[PDB]
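One-letter residues, chain by chain:
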Amino acid sequence: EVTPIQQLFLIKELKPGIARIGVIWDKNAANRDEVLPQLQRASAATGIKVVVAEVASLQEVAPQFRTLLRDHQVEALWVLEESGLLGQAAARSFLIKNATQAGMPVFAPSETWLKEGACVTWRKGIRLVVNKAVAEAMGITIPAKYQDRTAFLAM
């Protein structure tokens, strides 16, 4: 699996200039305690501010997304795993559609997201999976050095 710090360094090259990214994170996930420090470490190493908004129930997904969009003014949505709340298909559809309506990309943990309208996912060196039409609409750029390791995927 591609580590969170690896993902954020890739995000840095895919969205040049991005300064703030929003994570919706399942508070109940078993690896919460270990992932949140790695997100902070990745933020320090890349310089991108990582705003993590935790959700404990389905009813918290929409208000926490609204806080990332409106209050934190993040420039992309980053989803790290989908074992619990983020695997809920209504939450997934909601997050993709509302990020798109804010003109920002979704970096997602699996290809199912890309089929539903997310932008970029990753596999393993590292290979990128990109929904090209959506990535294009959300302002993603694929640098020259990663073109040979990038697969496009149909919606």
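(A) Broad picture of the packing of aromatic side chains. Applying the stated criterion across every chain yields a total of two aromatic pairs. An angle of 85° between the planes, with centres 5.8 Å apart, marks the rings of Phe 65 and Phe 94 as edge-to-face. Pair noted here: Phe 65 is in helix α3 (residues 61-71) and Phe 94 is in helix α4 (residues 89-101), with a separation of 29 residues, a long-range link. Note on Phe 65: relative accessible area 4%, which makes it buried. Seen in terms of ring centroids, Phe 107 and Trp 122 are 6.1 Å apart; in terms of plane orientation they differ by 5°. Their pairing is stacked. Residue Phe 107 is located in strand β4 (residues 106-107), and its partner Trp 122 is located in strand β5 (residues 120-123); the two are separated by 15 residues in the primary sequence. For the pair formed by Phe 107 and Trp 122, the shared burial category is buried. The positively charged end of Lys 132 is found above the aromatic ring belonging to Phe 152, 4.9 Å away from the centroid.

(B) Summary view of α4. The end-to-end C-alpha distance of α4 is 18 Å, a good match for the 18 Å that 13 residues give at a rise of 1.5 Å each. Within α4, burial applies to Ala 91, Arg 92, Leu 95, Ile 96 and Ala 99. For α4, the angular spread of buried residues about the axis comes to 125°, placing them on one side. Backbone nitrogen of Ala 90 and a side-chain oxygen of the N-cap are separated by 2.7 Å at the start of α4; the cap is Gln 88. One or two steps after α4, the chain reaches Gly 103, where phi turns positive at roughly 65°.

(C) Just the pattern of salt bridges, in detail. Considering all chains together, one arrives at seven salt bridges under this definition. With a shortest N-O distance of 2.9 Å, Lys 145 and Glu 13 are connected by a salt bridge. The class for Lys 145 is exposed, based on a relative accessible area of 54%. With a shortest N-O distance of 2.7 Å, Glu 111 and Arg 123 are connected by a salt bridge. A residue pair is termed long-range when its members are at least 10 positions apart, and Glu 111 in helix α5 (residues 111-115) and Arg 123 in strand β5 qualify at twelve residues. Taken together, the salt bridges that share partners define one network made up of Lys 27, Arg 32, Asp 33 and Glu 54.

(D) Here's a closer look at the layout of surface pockets. The space that makes up the largest pocket amounts to roughly 210 Å³. Every residue lining the largest pocket is counted, 15 residues in all, and those nearest its centre are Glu 1, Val 2, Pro 4, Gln 7 and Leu 80. Per-class residue counts for the lining of the largest pocket are seven nonpolar, four polar and four charged.

(E) Local environment of the packing of helix α1 (residues 4-14) against helix α2 (residues 32-46). Put simply, α1 and α2 touch, their axes get as near as 9 Å, and they point 35° apart. Between α1 and α2 the crossing geometry is right-handed. Residues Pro 4, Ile 5, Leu 8, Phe 9 and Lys 12 of α1 pack against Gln 38, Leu 39, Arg 41, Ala 42, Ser 43, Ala 45 and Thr 46 of α2. A per-class count over the contact of α1 with α2 returns seven nonpolar, three polar and two charged.

Basis of the calculations
The numbering scheme counts residues from 1 along every chain following its written sequence, independent of the entry's numbering, with residues that lack coordinates not shown. The side-chain values count all of the structure's non-hydrogen atoms but skip hydrogen atoms and water molecules. Here is the rule: rings of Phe, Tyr and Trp (six-membered ring for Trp) pair when centre to centre is within 6.5 Å. Planes less than 30 degrees apart are stacked, more than 60 are edge-to-face, and the remainder are tilted. For helices the rule is a DSSP run of H or I covering at least 4 residues; for strands it is a run of E covering at least 2, with both sets numbered from the N terminus onward. For the exposure calls, accessible area comes from a 1.4 Å probe over protein chains only, and a residue counts as buried if that area is under 20% of its type's maximum, exposed if over 50%, partly exposed in between. Only when the NZ atom of a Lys or the CZ atom of an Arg is both within 6 Å of the ring centre and within 35 degrees of the ring normal do we say a charge sits over the ring. For a helix, the expected span equals 1.5 Å multiplied by the number of residues minus one. Regarding the arc, it is the one traced by the directions from the helix axis to the C-beta atoms. Polar contacts, as used here, are pairs of N or O atoms within 3.5 Å; protein pairs need one atom able to donate a hydrogen and one able to accept it. Residues neighboring in sequence count only if both atoms are side-chain atoms. What counts as a salt bridge is simple: a side-chain nitrogen of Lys or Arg found within 4 Å of a carboxyl oxygen of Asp or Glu. A pocket here means an open set of points on a 1 Å grid, computed over the protein atoms alone, that has protein on both sides within 12 Å along at least five of seven lines. A cavity is instead a set of points where a 1.4 Å probe fits but cannot get out; residues with an atom within 4 Å of a point line either one. Grid points are joined across faces, edges and corners, and a volume is the space filled by probe spheres set on the points. Under the grouping applied here, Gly and all other residues not named as nonpolar or charged are polar, the nonpolar ones being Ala, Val, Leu, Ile, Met, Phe, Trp, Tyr, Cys and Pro and the charged ones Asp, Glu, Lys and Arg. Axes here refer to lines fitted to C-alpha atoms; in helices the fit is confined to the stretch in contact. Angles between the N-to-C directions go from 0 to 180 degrees. In a left-handed crossing the near helix is turned counterclockwise from the far helix by less than a right angle, and in a right-handed crossing that turn is clockwise. Note on definitions: a residue-residue contact is assigned when non-hydrogen atoms from the two residues lie within 4.5 Å.

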